[PDB]
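*Asks:* First, the structure itself, so that you have it in front of you.
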Amino acid sequence: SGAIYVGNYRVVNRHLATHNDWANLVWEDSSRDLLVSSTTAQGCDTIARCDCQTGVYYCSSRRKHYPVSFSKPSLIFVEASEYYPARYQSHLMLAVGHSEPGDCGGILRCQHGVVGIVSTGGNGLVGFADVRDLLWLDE
Ligand SMILES: Cn1ccnc1[C@@H](c1ccccc1)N1C[C@@H](C(N)=O)CC1=O
Ligand SMILES: [Zn+2]
């Protein structure tokens, strides 16, 4: 679990959004596993606007933050789960690291701020949904 809190927006994994997030929907994309809802209180996270390929992510199943090298946002196949049928997820970035079901929502950050959140795992890999192209989050 986990979310990004920027301005009056809450960014979460779409598959973990609550029925309350849907009532306060701003934007969602099933192909990106992202959902953004509106908030009453102002958040303090800053979104990175960069092309960094190194950062640090939080892994809740280890209670540890790991430094990783991660790939460019791309269209990557994701096997079927209880949340989605087998499909290509877009804007996804992979790193070599630990990620289990329960780890989605962990933040990946570089020197410029928040890059994305954990969205995929297994096989000694971790996948992050990129948010650096969502410029409207800043206004
Ligand atoms: C199904 N699958 C393939 C690779 N990873 C997963 C699992 C998964 C997520 C996180 C850690 C460990 C496994 N995901 C990915 C999520 C998605 N974005 O579609 C939904 C889901 O259950
Ligand atoms: Zn950066």
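By convention in this document, the chains of the structure tokens carry letters A, B, ... by their order, each chain's residues are numbered from 1, and ligands are numbered from 1 in the order they are shown.
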Taking only C-alpha atoms and all ligand atoms and a cut-off of 8 Å, can you tell me which residues surround ligand 1, written as a ChimeraX atom specification?
*Replies:* /A:13,15,32-33,78-84,86,89,99-104,118-122,126-127
*Asks:* Write out, as a short mmCIF file (atom, residue, chain, number, x, y, z; two decimals), in the first residue's frame, the residues just selected, with N, CA and C atoms.
*Replies:*
data_model
loop_
_atom_site.label_atom_id
_atom_site.label_comp_id
_atom_site.auth_asym_id
_atom_site.auth_seq_id
_atom_site.Cartn_x
_atom_site.Cartn_y
_atom_site.Cartn_z
N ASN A 13 -2.13 3.23 -6.79
CA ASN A 13 -2.27 2.16 -7.79
C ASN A 13 -3.79 2.00 -8.03
N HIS A 15 -5.54 -0.51 -9.03
CA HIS A 15 -6.07 -1.76 -8.49
C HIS A 15 -6.26 -1.74 -6.95
N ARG A 32 -2.03 2.02 -17.25
CA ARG A 32 -0.89 2.46 -16.43
C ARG A 32 -0.97 2.00 -14.97
N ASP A 33 -2.10 1.37 -14.56
CA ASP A 33 -2.36 0.98 -13.16
C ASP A 33 -2.31 2.24 -12.26
N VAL A 78 2.41 -7.76 -18.62
CA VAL A 78 2.16 -8.10 -17.22
C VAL A 78 1.17 -9.25 -17.20
N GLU A 79 1.56 -10.38 -16.59
CA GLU A 79 0.73 -11.59 -16.51
C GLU A 79 -0.63 -11.32 -15.82
N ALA A 80 -1.62 -12.20 -16.06
CA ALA A 80 -2.93 -12.05 -15.41
C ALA A 80 -2.78 -12.17 -13.88
N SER A 81 -3.64 -11.47 -13.15
CA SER A 81 -3.71 -11.51 -11.68
C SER A 81 -5.21 -11.42 -11.29
N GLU A 82 -5.52 -11.34 -9.97
CA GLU A 82 -6.92 -11.12 -9.56
C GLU A 82 -7.39 -9.68 -9.92
N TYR A 83 -6.46 -8.78 -10.33
CA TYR A 83 -6.78 -7.37 -10.61
C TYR A 83 -6.99 -7.03 -12.08
N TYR A 84 -6.21 -7.68 -12.97
CA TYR A 84 -6.27 -7.44 -14.40
C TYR A 84 -6.09 -8.74 -15.17
N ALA A 86 -4.26 -10.68 -18.50
CA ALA A 86 -2.92 -10.51 -19.08
C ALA A 86 -2.98 -9.36 -20.09
N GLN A 89 1.23 -3.18 -19.87
CA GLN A 89 1.08 -1.98 -19.02
C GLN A 89 2.05 -0.93 -19.57
N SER A 99 10.08 -7.35 -4.67
CA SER A 99 8.74 -6.77 -4.70
C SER A 99 7.74 -7.91 -4.63
N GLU A 100 6.92 -7.90 -3.59
CA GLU A 100 5.90 -8.90 -3.32
C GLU A 100 4.55 -8.27 -3.32
N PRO A 101 3.46 -9.05 -3.52
CA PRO A 101 2.13 -8.48 -3.30
C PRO A 101 2.03 -8.01 -1.84
N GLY A 102 1.73 -6.72 -1.74
CA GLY A 102 1.69 -5.89 -0.54
C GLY A 102 2.61 -4.68 -0.70
N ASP A 103 3.62 -4.76 -1.62
CA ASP A 103 4.61 -3.70 -1.86
C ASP A 103 4.16 -2.60 -2.80
N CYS A 104 3.01 -2.79 -3.50
CA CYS A 104 2.54 -1.71 -4.41
C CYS A 104 2.27 -0.42 -3.63
N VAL A 118 5.65 1.59 -6.77
CA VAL A 118 5.73 0.16 -7.12
C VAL A 118 4.36 -0.28 -7.70
N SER A 119 4.42 -1.05 -8.78
CA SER A 119 3.22 -1.53 -9.45
C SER A 119 3.34 -3.01 -9.83
N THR A 120 4.55 -3.55 -10.05
CA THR A 120 4.70 -4.97 -10.40
C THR A 120 5.85 -5.62 -9.57
N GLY A 121 5.95 -6.96 -9.61
CA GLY A 121 7.01 -7.63 -8.88
C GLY A 121 7.23 -9.05 -9.31
N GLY A 122 7.79 -9.86 -8.39
CA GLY A 122 8.11 -11.26 -8.63
C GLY A 122 9.35 -11.45 -9.48
N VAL A 126 11.34 -5.58 -9.78
CA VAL A 126 10.36 -4.65 -9.25
C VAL A 126 9.99 -3.69 -10.39
N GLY A 127 8.70 -3.42 -10.55
CA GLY A 127 8.25 -2.53 -11.62
C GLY A 127 7.58 -1.31 -11.01
#
*Asks:* Could you tell me, as a VMD selection string, which residues of range 3-33 of chain A DSSP assigns to alpha helix (DSSP H) when given the backbone?
*Replies:* chain A and resid 19 to 23
*Asks:* Would you mind listing the residues within 10 Å of ligand 2, counting only C-alpha atoms and all ligand atoms, as a count of residues only?
*Replies:* 17
*Asks:* Report as a list in words all protein, DNA and RNA residues lying within 8 Å of range 17-23 of chain A, evaluated on only C-alpha atoms, omitting residues in the same chain fewer than 3 positions from it.
*Replies:*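 Contacts, with the query itself left out: residues 12, 13, 14, 35, 36, 37 and 38 of chain A.
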*Asks:* Do you have the CA of residue 133 in chain A-CA of residue 74 in chain A distance handy?
*Replies:*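 For CA of residue 133 in chain A relative to CA of residue 74 in chain A, the distance reads 12.4 Å.
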*Asks:* When distances are computed from only C-alpha atoms, which of A:130, A:8, A:3, A:43 shows the smallest separation from residue 26 in chain A?
*Replies:* A:8
*Asks:* Please list as a list in words every residue within 10 Å of residue 96 in chain A, counting only C-alpha atoms and excluding residues in the same chain fewer than 4 positions away.
*Replies:*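 Residues near the query, excluding close chain neighbours: residues 68, 69, 70, 71, 121, 123, 124, 125, 126 and 127 of chain A.
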*Asks:* With C-alpha atoms retained, could you export that selection as an mmCIF file, in the first residue's frame?
*Replies:*
data_model
loop_
_atom_site.group_PDB
_atom_site.id
_atom_site.type_symbol
_atom_site.label_atom_id
_atom_site.label_comp_id
_atom_site.auth_asym_id
_atom_site.auth_seq_id
_atom_site.Cartn_x
_atom_site.Cartn_y
_atom_site.Cartn_z
ATOM 1 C CA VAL A 68 18.351 0.884 -7.731
ATOM 2 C CA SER A 69 19.074 1.490 -11.446
ATOM 3 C CA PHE A 70 15.724 1.411 -13.356
ATOM 4 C CA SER A 71 14.751 1.236 -17.070
ATOM 5 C CA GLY A 121 7.015 -7.634 -8.876
ATOM 6 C CA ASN A 123 11.047 -13.078 -10.279
ATOM 7 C CA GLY A 124 13.647 -10.863 -8.519
ATOM 8 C CA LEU A 125 12.286 -7.762 -10.359
ATOM 9 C CA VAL A 126 10.359 -4.646 -9.248
ATOM 10 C CA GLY A 127 8.246 -2.526 -11.621
#
*Asks:* Could you pull out the strand (DSSP E) residues of chain A, going by DSSP on the backbone, and write them as a ChimeraX atom specification?
*Replies:* /A:4-13,25-29,34-44,54-59,64-69,74-78,87-96,107-110,113-120,125-130
*Asks:* Quick one: of A:24, A:31, A:56, A:98, who's nearest to residue 116 in chain A, counting only C-alpha atoms?
*Replies:*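 Nearest to residue 116 in chain A: A:56.
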